[PDB]
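# An overview of the molecular structure
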Amino acid sequence: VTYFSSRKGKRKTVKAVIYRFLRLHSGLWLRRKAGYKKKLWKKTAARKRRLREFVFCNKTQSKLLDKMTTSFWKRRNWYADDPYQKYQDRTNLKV
Amino acid sequence: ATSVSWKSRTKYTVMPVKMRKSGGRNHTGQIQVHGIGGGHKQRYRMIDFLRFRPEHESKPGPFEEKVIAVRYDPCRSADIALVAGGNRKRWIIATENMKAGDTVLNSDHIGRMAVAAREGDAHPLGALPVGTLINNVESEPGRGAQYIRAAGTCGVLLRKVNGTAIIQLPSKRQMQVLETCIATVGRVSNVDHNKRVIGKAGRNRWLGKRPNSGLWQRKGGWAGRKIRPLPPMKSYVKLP
Amino acid sequence: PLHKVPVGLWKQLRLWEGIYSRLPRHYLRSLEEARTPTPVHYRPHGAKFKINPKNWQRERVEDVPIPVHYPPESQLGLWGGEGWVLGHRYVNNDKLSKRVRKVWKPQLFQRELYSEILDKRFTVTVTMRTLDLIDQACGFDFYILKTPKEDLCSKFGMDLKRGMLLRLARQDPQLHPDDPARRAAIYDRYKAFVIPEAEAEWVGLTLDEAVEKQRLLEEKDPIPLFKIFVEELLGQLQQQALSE
Amino acid sequence: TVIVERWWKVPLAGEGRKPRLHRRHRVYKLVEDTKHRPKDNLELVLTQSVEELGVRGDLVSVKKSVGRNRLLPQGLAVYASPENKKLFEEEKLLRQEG
Amino acid sequence: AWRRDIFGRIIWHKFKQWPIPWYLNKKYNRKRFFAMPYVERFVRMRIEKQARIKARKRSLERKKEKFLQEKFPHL
RNA sequence: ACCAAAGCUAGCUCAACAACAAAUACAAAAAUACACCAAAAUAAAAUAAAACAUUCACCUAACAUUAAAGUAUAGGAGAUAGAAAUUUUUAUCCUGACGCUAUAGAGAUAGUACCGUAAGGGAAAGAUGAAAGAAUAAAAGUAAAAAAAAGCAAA
RNA sequence: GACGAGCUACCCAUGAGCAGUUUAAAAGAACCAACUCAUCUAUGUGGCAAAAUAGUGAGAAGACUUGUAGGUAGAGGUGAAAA
RNA sequence: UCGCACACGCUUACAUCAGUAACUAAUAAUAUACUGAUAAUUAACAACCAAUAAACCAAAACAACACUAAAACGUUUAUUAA
RNA sequence: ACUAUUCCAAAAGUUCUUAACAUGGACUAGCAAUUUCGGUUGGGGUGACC
Ligand SMILES: [Mg+2]
Ligand SMILES: [Mg+2]
Ligand SMILES: [Mg+2]
Ligand SMILES: [Mg+2]
Ligand SMILES: [Mg+2]
Ligand SMILES: [Mg+2]
Ligand SMILES: [Mg+2]
Ligand SMILES: [Mg+2]
Ligand SMILES: [Mg+2]
Ligand SMILES: [Mg+2]
Ligand SMILES: [Mg+2]
Ligand SMILES: [Mg+2]
Ligand SMILES: [Mg+2]
Ligand SMILES: [Mg+2]
Ligand SMILES: [Mg+2]
Ligand SMILES: [Mg+2]
Ligand SMILES: [Mg+2]
Ligand SMILES: [Mg+2]
Ligand SMILES: [Mg+2]
Ligand SMILES: [Mg+2]
Ligand SMILES: [Mg+2]
Ligand SMILES: [Mg+2]
Ligand SMILES: [Mg+2]
Ligand SMILES: [Mg+2]
Ligand SMILES: [Mg+2]
Ligand SMILES: [Mg+2]
Ligand SMILES: [Mg+2]
Ligand SMILES: [Mg+2]
Ligand SMILES: [Mg+2]
Ligand SMILES: [Mg+2]
């Protein structure tokens, strides 16, 4: 992470985080499961199903991924047809 | 930084000219060739290697010259002879038995019956007999003598083809030369130069040779006894 | 502290003061504006807009010229506007391999060129490209008059241009002294290129040559004070004789 | 002539500001070479009769080797120039005339 | 004459009297009046150095005016 | 009681605005004899990548300022690097100081002493008064005033 | 990127020394001074000295010592190799 | 018992008169080396101080003559030289 | 990179050649560059293991 850039003096973003993850507006980060394209003929139907699925990251991670991302990716987004738009709000959460 | 060479002289003098030796260094003052220097101080004595050299530009004909003296030279391994005729004196390389009070003939003329030559004789290659013994052989006609100058060496005339002679150099490589090239007939002086013993290391520093390095090196692939098929004939005749 | 004006403009405000101010305007105007040199080594792509292969969006695409080097010998010949390309390369062309410093030198030839206007045969070092352009322009003299300053790159080319342009504007009788017919012919087909006289002699110069020529045109050894005093006294005497 | 390309994309300055160059913009791949290209034909017009090639007043296609070092220097041929082609429209229309 | 000498200064060159023309005089030939490219950098530095000694002389004369005026309640 | 101690100035920061004359490149400081002149080839690495090979901003240029944006993109797709299209900016005047006081602030009382063959390195210091055309006794260290069984030196 | 071969390594110029004694002899011969080296021991060790002094030693017309002045410069020079 | 000169190199440290409480001498006395004032080495020695043509193969070594390792060094004639 | 080598283009000419320079791309060597030399361990090495 670059905390102050050379030319603009701003705070840079790590792009390798932007390619594998997704930030919902609740703050949950959403990631693929490692090795899902890898050696399928070995694995059971069960394991294949477990691998195709998307999953959520623990607090320690979401926190870390947040530090590597600027304000622009924490933004509220309305896309036409957005699949995940139905998932971006949190409901019935009594902490 | 800089240097100036010692070899500037425009005119031919038989009086020995003072020479400045440079051990091993090029004009930028760096060692180029190792192991040279500190010799005994020597004067240089100019040699005329073009033996047929008409003295007065007007009259073309052949020379008759006389041997005044035979001296040692520090610069070369062979012995030098002082030869005069007309108003001219020259240092030429002496042939083996040449003595003071001698007569020498120089001609560029080629007759069909050839000639029988003494040692102090200089003739065009094509005018000599097929078996004869030569030295101070010239490469291209008018260029002067180059090959076979060293102490007690000789070339030999082999065959003649199309007005072009073939000679055998001391290394036994064969040389192709135009007939009009002048050569001297005989052996170079002081044939015993090869058998001289250098007694101590001292003689080496007298001849101006430095000791070798103390660095030890494995012999490389280059070392061993290689037996090569003899290098092919050198041809100084150019095609039309 | 600071500088009242930035340094890139120091080099410019050099011209606005002193003897440079007395140089002819046309010279200055020609020096300032630099038409961008015709691409030689790098290869341009015409369109201002491109379509990104991966991105699928129109992309504003610009052209950056490759820096080339002109050795001092090149300034003496005609190289067609080219020179040494200094750079680095990747061995094998895999970006993952070793990067290595490299210089591409242009190939030089010794050739002779014929001038109609200068009526001479020159021995010039030329490149292939030089002969190509000499070809496409249909004359050596055409090649020199039809080309801008940035494309020749040589002091020799521009002094060639200056020489023969001067010869055109003077209408010199020395060109083909005995044949008015060949004068007519030779001068006629270049008559497209005629420039006036005061312009022709300043066209090939370098700032040092300009400064020097200007210096020489401006040399006047100071008038004796005796002269000016005599003039003033005569003026006074004539005004006094006229008032009476 | 060597035609050359850069390995690394250069950023843009479009407002007329000059492009800002870095050291990584100095690696070059060699795209093309001019001297390894096949040669073209030189279109010329003959002022006289050349042995093999042509009769007086004819259009010839040579190669730059023969063309540049023989015809044009000796005054045998002139360039394809349109102004020089009108000359042989003239000579050709006055040829079949008389 | 006015000359630009080796060090890039501008100098007043007093002439001398020689028995022979300037292109034939050895010593006069190896005297260089002109500057080289690298001198351009040094040329800048003293322009800059001078500019400081001037700039901070001003700032002394300023202070002097103030002290005196607070030390001597004039008028 | 000695040794000492105290001054407030020399000047600095940062920022706005904009004595000739002669002598000199002979071995510089030597009036005077035959020549020659003059010249140019990418910045590299230290370091980041917890190693290190591709790669590593800033280091040349100007372009400024508010944004587009740390976005498009570029990257052993790692570390990191990073635009543009398109947008914003009212005049001068109006100079100063929550800047330093002699181990500070300039290296500067100086590029001097001195140290280097040489490129180069490079100090230390001043204090009475209107008038010298008037003559506080507070650091350590000591002195006034050697030391008397025993022991972290005191409680 | 500069600056260094006034020390030392090796060269290039131009100079200068070498008495006596022995031997037909200037013979990389003897003996032994000047001159050159540095063997061995003891002193010295913030020394008299950032390598000395006292004795004792090797060589001493030669691959000898030595003066003035040039030259080669660090990715290099020079080297009777001791990195 | 490393004495007098010159070369190189140092720069007034030298000379006369005066003063030395304290500075230099590794102490004193007094002073070639500290301080002040004043002077001083004088050219025949030494430095600076022509070119171009042409003849001239012939070692220094007490030099007869030689040795091998082949040896530094100029006269004279001609043309001009304030 | 350089110094050499051998080859193909280029360049000049022939109807296949290369005098000396001399550029592009290869090759084969010399001289030569840049960078590293894993870890556990009854100290490290050797042995063994990961
Ligand atoms: Mg020899
Ligand atoms: Mg040997
Ligand atoms: Mg050996
Ligand atoms: Mg913009
Ligand atoms: Mg690292
Ligand atoms: Mg670290
Ligand atoms: Mg490391
Ligand atoms: Mg860098
Ligand atoms: Mg201070
Ligand atoms: Mg000094
Ligand atoms: Mg006290
Ligand atoms: Mg007690
Ligand atoms: Mg030297
Ligand atoms: Mg020396
Ligand atoms: Mg003796
Ligand atoms: Mg002996
Ligand atoms: Mg004893
Ligand atoms: Mg002995
Ligand atoms: Mg003995
Ligand atoms: Mg030795
Ligand atoms: Mg060894
Ligand atoms: Mg060892
Ligand atoms: Mg003296
Ligand atoms: Mg004393
Ligand atoms: Mg690297
Ligand atoms: Mg290990
Ligand atoms: Mg270990
Ligand atoms: Mg163990
Ligand atoms: Mg243990
Ligand atoms: Mg093991």
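Here, the structure is the one placed above.
Residues numbered from 1 in each chain as written, not as in the entry; some residues may be left out. Chains lettered and ligands numbered in written order. Part of a larger assembly, values for the part shown. Heavy atoms only, no water.

## With respect to the overall build of chain C
Condition: Helix and strand assignments follow DSSP, with helices taken as H or I runs no shorter than four residues and strands as E runs no shorter than two, numbered in order from the N terminus. Atoms considered for the radius of gyration are the C-alpha atoms alone. The globule rule reads 2.2 Å times the number of residues to the power 0.38. For each residue, the accessible area found with a 1.4 Å probe, counting protein chains only, is set against the maximum for its type, and the residue is called buried under 20%, exposed over 50%, and partly exposed in between. Contacts were defined at the residue level, with two residues in contact if any of their heavy atoms lie within 4.5 Å. In these tables, accessible area is a Shrake-Rupley quantity obtained with a 1.4 Å probe, and a residue counts as shielded only by the protein chains included in the view. All tallies of charge rest on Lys and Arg as positive and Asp and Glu as negative; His and the ends of each chain are not included. A charge is said to be at NZ when it belongs to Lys, at CZ for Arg, at CG for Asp and at CD for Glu.
Helices and strands together make up the secondary structure of chain C, namely ten helices and six strands. A compact globule built from 244 residues should have a C-alpha radius of gyration of about 18 Å, whereas chain C, at 27 Å, is more than 25% larger. Taking all 244 residues of chain C together, the buried fraction comes to 28%. Across chain C, every contact between residues at least 6 apart in sequence was considered, and the portion connecting residues at least 24 apart equals 50%. Of the accessible surface of chain C, which amounts to about 17100 Å², a share of 55% is contributed by carbon and sulfur atoms. Counting 39 positive and 34 negative side-chain charges, chain C places the averaged centre of each group 10 Å from the other.

## Describing the sheet that holds strand β4 (residues 58–62) of chain D
Residues and elements named next belong to chain D. In plain terms, the rule: Here the rule is simple: two strands pair whenever DSSP picks up at least two bridges between them. Angles run from 0 to 180 degrees between N-to-C directions of axes, and those axes are lines fitted to C-alpha atoms, restricted for helices to the stretch in contact.
Here we have three strands laid out as an open sheet, ordered β4-β3-β5, and antiparallel in their pairing. The open sheet is flanked by β4 and β5 (77–79), the only strands paired with a single partner. Ignoring which end each strand starts from, the neighbouring axes of this sheet average 40° apart. Of the pairings in the sheet, the one linking strand β3 (residues 42–46) to β4 comprises five bridges and is antiparallel in character. The partner of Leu46 across the bridge, within β4, is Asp58.

## Considering the layout of surface pockets
Leftover empty space is mapped by rolling, across the atoms, a probe with the size of a water molecule. Residue and element names in this part refer to chain B. Selection rule: The method works on a 1 Å grid over the protein atoms by themselves. A cavity is a set of points holding a 1.4 Å probe that cannot get out, a pocket is an open set with protein on both sides within 12 Å along at least five of seven lines, and residues with an atom within 4 Å of a point line them. Grid points are joined across faces, edges and corners, and a volume is the space filled by probe spheres set on the points. Side-chain classes follow a simple rule in which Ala, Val, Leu, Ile, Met, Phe, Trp, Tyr, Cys and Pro form the nonpolar group, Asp, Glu, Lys and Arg form the charged group, and the remainder, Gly included, forms the polar group.
For the second largest pocket, the calculated volume is near 1300 Å³. Together, 37 residues line the second largest pocket, and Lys21, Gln42, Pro74, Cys75 and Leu207 are the ones closest to its centre. The residue inventory of the lining of the second largest pocket, partitioned by class, reads eleven nonpolar, 15 polar and eleven charged.

## A few points about the interface of chain C and chain E
Test applied: The term buried area denotes the loss of accessible surface (1.4 Å probe radius) that occurs when two parts are joined, taken as the sum for both partners. Salt bridges, as used here, are contacts in which a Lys or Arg side-chain nitrogen is within 4 Å of a carboxyl oxygen on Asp or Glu.
Contacts between chain C and chain E engage four residues on the former and four residues on the latter. Between chain C and chain E, the buried area comes to about 320 Å², and carbon and sulfur atoms account for 73% of it. Looking at the side of chain C facing chain E, the largest losses of area belong to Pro1, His3 and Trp10 of chain C, adding up to 81% of the total buried there. At the surface where chain C touches chain E, the tally comes to zero salt bridges. Tallied by class, the residues present in the side of chain C that touches chain E amount to three nonpolar, one polar and no charged.

## A closer look at the pattern of salt bridges
If you walk through the whole model with that rule in mind, you get 25 salt bridges over all chains. Among the salt bridges present, the one from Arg44 of chain E reaches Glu48 of chain E, with a minimum N-O distance of 2.9 Å. Remark: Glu48 of chain E and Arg44 of chain E occur in helix α2 (residues 39–71); sequence separation between them is four residues, near one turn of the helix. Judged by relative accessible area, which is 28%, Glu48 of chain E ranks as partly exposed. Salt bridges here are not isolated pairs; linked through shared partners, they connect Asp48, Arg53, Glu55, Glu65, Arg88 and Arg90 of chain B.

## Regarding the packing of aromatic side chains
Just so we agree on the cut-off: Aromatic rings from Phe, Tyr and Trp, with only the six-membered ring used for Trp, were paired whenever their centres fell within 6.5 Å, and each pair was classed as stacked if the ring planes differed by under 30 degrees, edge-to-face if by over 60, and tilted otherwise. Counted as over-ring charges are cases with an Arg CZ or a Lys NZ within 6 Å of the ring centre that also lie within 35 degrees of the ring normal.
With the rule as written, the count across this model stands at 13 aromatic pairs over all chains. Just above the ring of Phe54 of chain A sits the side chain of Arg32 of chain A; from NZ or CZ to the centre is 4.8 Å. Positioned above the aromatic ring of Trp7 of chain D is the side chain of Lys29 of chain D, whose terminal nitrogen or guanidinium carbon lies 3.9 Å from the ring centre.

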